[PDB]
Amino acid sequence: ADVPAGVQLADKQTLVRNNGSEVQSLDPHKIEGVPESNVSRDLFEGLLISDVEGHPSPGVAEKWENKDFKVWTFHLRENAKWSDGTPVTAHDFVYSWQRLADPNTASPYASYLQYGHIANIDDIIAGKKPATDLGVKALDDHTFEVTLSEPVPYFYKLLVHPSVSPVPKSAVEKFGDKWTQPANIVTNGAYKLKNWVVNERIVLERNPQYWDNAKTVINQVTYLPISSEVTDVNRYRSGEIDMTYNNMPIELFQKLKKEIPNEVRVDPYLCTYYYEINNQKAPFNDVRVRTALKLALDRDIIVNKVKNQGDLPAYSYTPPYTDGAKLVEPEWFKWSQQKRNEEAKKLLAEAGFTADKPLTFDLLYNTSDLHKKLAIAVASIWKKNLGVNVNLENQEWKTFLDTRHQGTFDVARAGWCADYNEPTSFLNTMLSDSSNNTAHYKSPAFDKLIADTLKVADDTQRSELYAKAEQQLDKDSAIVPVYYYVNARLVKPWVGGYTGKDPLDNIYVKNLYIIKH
């Protein structure tokens, strides 16, 4: 943290943050969500980290170079250590990226190495080559060299993500899935794991072996797993919680802006809220049905009437304010809702649905006040505008993500947040073979548009391709875009260091501090 001249620090430097749900795991290779990554950034540190405004900056690597954007050389700081006092070396990164690529790990983020095009990743994922063939090597203890199969000018931006953080081989090997328990885990971030009580709290304490430990201020941070945004706000206003999770309740939000204006932080956020359709299961494999659902949803009602928290109605997957996004707003989004409804009803009628044989299906969402209230409104809108019947189903976060990968569901509430600020961070998740493709969408045309983005060496050509890729997704009605999120959360006046300037919201508790109050 960088404490400004003149601020008076509290004697006790502890923090309590809500984290939305119970984490899936603390193993960097088994996690895929925001809650998981929030904790991961305090415990595991990769080559680069985000600074407090979100710019990619030195992590374990103090400096790096590239040759033609294909061979990246990372110079690791000599004093980087794990929490047991042992050095963090390039060998740690070799083992860790191999483990991420290895099909035996079954990482949900194995395709992150495809997004960066590390050499030989496709064959490794397919089991055609051993994970030891991956295009990574340690040139010495403090030098990690990555070789890509084609130039990737933004490669370094990918490196702040948890999937490419190092894991401690000896602990993984000796304890298996219990390596993350407090007695066994070893971490290299600013914090260490103190306590993990499932569905109650995760408590982290300062890691004195962290290389930048002298700048760390907060001595202990607790992460809570509260999925009710109303409860989160209640425990924040009672004094227990210092920073809520950034999902706000429909119940109280209006009231909050009027009651505590300076505590309500509202900043840009590269995430898109949408209803994910299982594209591989009839009747959702019919483009007419998917289009009907996309068009009959009334975004103005949801975004401005039922939710109304600063979100913008969406017409795409990639947020239009992503760096590199120059999207074409489709004609259907400019129409009146009445015109969208008529076309939707027409399409469903063409698909064979009638009053006596209506379309009835499930809408899966993870436990949440926000998601439940929005799914109820969406069910009423689709019923009224299109005559379709929806059965709502809630699941807790970890189960919910597994269900979507299992891919026999109908429609699920979904939200993707960028891992790096570039359109492929969204677009690559819709590739036919992506490990993040929970839409189960497979379009050879779409895949080809993305493949061509690194075969041109011009930003305009790349941007026009990303725009065409969004058009391909939209033409196929792969998803039902609802709104682009804003990063809205409550932060006590005494919490310093949270700028809200990072559109990825990559917070590190090592950057925060408690002002005397």
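Rigid core (definition): largest C-alpha set, two forms, superposition within 1.5 Å. A residue's number is simply how far along the shown sequence it sits, counting from 1.
Taken in 8 other deposited structures of this protein and fitted on the core, 24-32 and 446-454 differ in how far their Cα atoms move from the shown form, and the one that moves more is 446-454. Here the rigid core sets the fit, and in 8 other deposited structures of this protein the C-alphas of 291-299 stray farther than those of the other stretch, out of 291-299 and 141-149. Between the stretches 336-344 and 111-119, it is 336-344 that shows the larger average CA temperature factor. Per-stretch averaging of Cα B factors for 309-317 and 264-272 places 309-317 on top. Of the candidates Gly176, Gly324, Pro225, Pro166, the one whose C-alpha carries the top B factor in the deposited record is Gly176. When the C-alpha B factors of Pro162, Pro358, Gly189, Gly415 are read from the deposited coordinates, the top value falls at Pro358.
In this PDB entry, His371 carries a Cα temperature factor that places it within the lowest third of its chain's modelled residues. Split the chain's modelled residues into thirds by C-alpha temperature factor. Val480 is in the lowest one. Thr499: CA B factor lies in the highest third for its chain, per the PDB record. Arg201 sits in the lowest third of its chain by CA B factor, as recorded in the PDB entry. The deposited CA B-factor of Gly127 belongs to the highest third of values across its chain.
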